[PDB]
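Below, in structure tokens: the form deposited in one PDB entry, a single chain.
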């Protein structure tokens, strides 16, 4: 049972996770099998060559973010002793120089987020084995350095280096004498404004070059941002990329480009991905000679090139876009225009493999929707934040938004259409005319107040994942959404009436009509009364999310009206009743929770009482989540009540005592969470296939009655007890603040 680290198997070797653990030195209590040690995000101040003796087998050390709340003192030669150290991470250590005397065995080295202004032969030219060197965020609006000093030739002895990052450093010019072995060179945000024919000569293996953020489009710029003198673009020579025949990824985002020279791409037959955002390329997009040089481009990003001051009627697409045969995905966010006609997109209609058109953030008023019918492979039409009306971390892509445009779970069903954040205030009769067969539709946040009658989706009848969240939809009618007989996922989260005065009544009869509806999300609808029918009914449904509603009212109704709301959900396995303000649940109401349940969530309510006997009604229940409540006690024999429960979550409650023979002999129960409660000790009498037990944030009384518990922690090494550091003695005050393991 490791301390303070969490050791464990990783593939075919053993790993010590020792982070966010307030340590002030390296531990010497580390397992002897460990080959990779993460000590990051801690209060460690000094490293000497003593700090990692008896761990010669180490391969990977991470000392990132040390310390938290001067710098990190690394005594020269501190690691030379580690003959198998391949990867060494030293980010955010406030270093003032590359550590002296680093071990030749290294292959990956990160020195990001330091105050290293000097790249010497003294520091790195001895590491002939480096593949991956990362030096970014080292001189970035640091008043000293005025400029990064790159000792000449420092890099040429690195004859096996494949990755060099120097982004967010003031370099003014490209370092000379870079090794032939490079495949990826990152020079983003380096105030490199001119690029010569010499700069990238002898890099015949380059697959990636990043020159983004030089001559920034510093307008609309979140961060500190010095645009070049005038409005000037980065200046890239005519033959700058001539010997770069392997280039696959080129990023020229935010280089203020107005024109694009087609000659840059004459010897680049494999360019796969080209980022051109935050530039001024509206003219170029209309003509675009360079589009003829890119038959293999798979991703083009031209987002946010809009002209300041302008909201022009139409977009203008070069016919040359048709010369983009390999194109998978086009990103045109924030060009900004009013009307999209069938004709404007003719070039793209032939491109065989085009699956993503991203047209977010253009404030487009009208789209001639029939155009999308002419694409044999659209999977993702993304029109968020437009104005359609009704019809009648330094390791992150800094400039191109990387997360999925549309949730996987939605997109997975088929064609995806995202009309979130438009002006669709009611669903017009012609709203979805001429649309291809949409499987996944997003109307979220349209101030949309439709009274659903079963006729509004008929033109796209096969939607399977509908997201309607954050509108004002009236689904009082029991015919509502029935025209979509294949619907599998409906999200009504955050739907209210166009007033948010309380008191709104709901009719939920439409639910029963669906024959393969699987997941329904009624969260935050502030549901306190159902009118006429008082039960939910569906043979299909599997998941119901009832969070953020007033079950509290519903279930204390004088007349027992809703004692059976969720019983007629006959196949349900997952029910979330969190955030419903519950103090006490009517024993009758709980016994009508449908017995098909596997996962019940009642967390974040105000329960003082929970009747454990009722879990006999639930022979297939595996996960009970009761966190964030006020409960005071537990049954003294849980095994009696259920023998199917695997996971029980009691963190953030008021429980002070663990009953005798409680854990004995539930057996069923693998994971039990008791953290953040009021336990002071754990009795000899309370002392199973339990494989994890959470106890952090409980005020303990060490010493001495606690000793029982300890020898239990030693004879049961199988019972993993996470987060030991945060299992803290409350008292006596001489122990206070210690782990209960310190003794």
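The term rigid core refers to the most C-alpha atoms you can superpose between the two forms while keeping them within 1.5 Å. Positions refer to the first chain, counted from 1. Shifts are known only where both forms have a C-alpha.
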item	value
Coordinates lacking for residue 11, a third or more of other entries	yes
Other entries lacking residue 460, at least a third	no
Extent of unmodelled deposited sequence, residue 70 relative to residue 69	10 or more
Residue 392 to residue 393: deposited residues without atomic coordinates	10 or more
Given 629-637 and 184-192, the range whose Cα B-factors average higher in the PDB entry	629-637
Given 92-100 and 290-298, the range whose Cα B-factors average higher in the PDB entry	92-100
C-alpha B-factor winner, where the candidates are 666, 577, 257, 405	666
Identity of residue with top Cα B-factor, from 649, 519, 250, 502	502
Third of the chain, ranked by Cα B-factor, where residue 56 sits	highest
Modelled-residue ranking by C-alpha temperature factor, third containing residue 444	lowest
Chain thirds of CA B-factor: placement of residue 178	middle
Third of the chain, ranked by Cα B-factor, where residue 36 sits	lowest
Third of the chain, ranked by Cα B-factor, where residue 62 sits	lowest
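Keep in mind the form deposited in another entry is missing from the figure; the text below concerns it.
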query	finding
Residue among 145, 478, 349, 263 whose Cα moves 2 Å or more between this form and the one not shown, once the rigid core is superposed	145
Flag for residue 408, CA shift 2 Å or larger between this form and the one not shown after aligning core	no
Residue 502 C-alpha relocation of at least 2 Å between this form and the one not shown, rigid core basis	yes
Closer or farther in that other deposited form: C-alpha pair residue 505, residue 606 (3 angstroms or more)	farther
Comparison of CA distance in that other deposited form with shown form for residue 505, residue 545, at least 3 Å	farther
Segments displaced between this form and the one not shown (3 or more residues, each Cα shift of 2 Å or more, core-superposed)	141-146, 496-506, 557-559
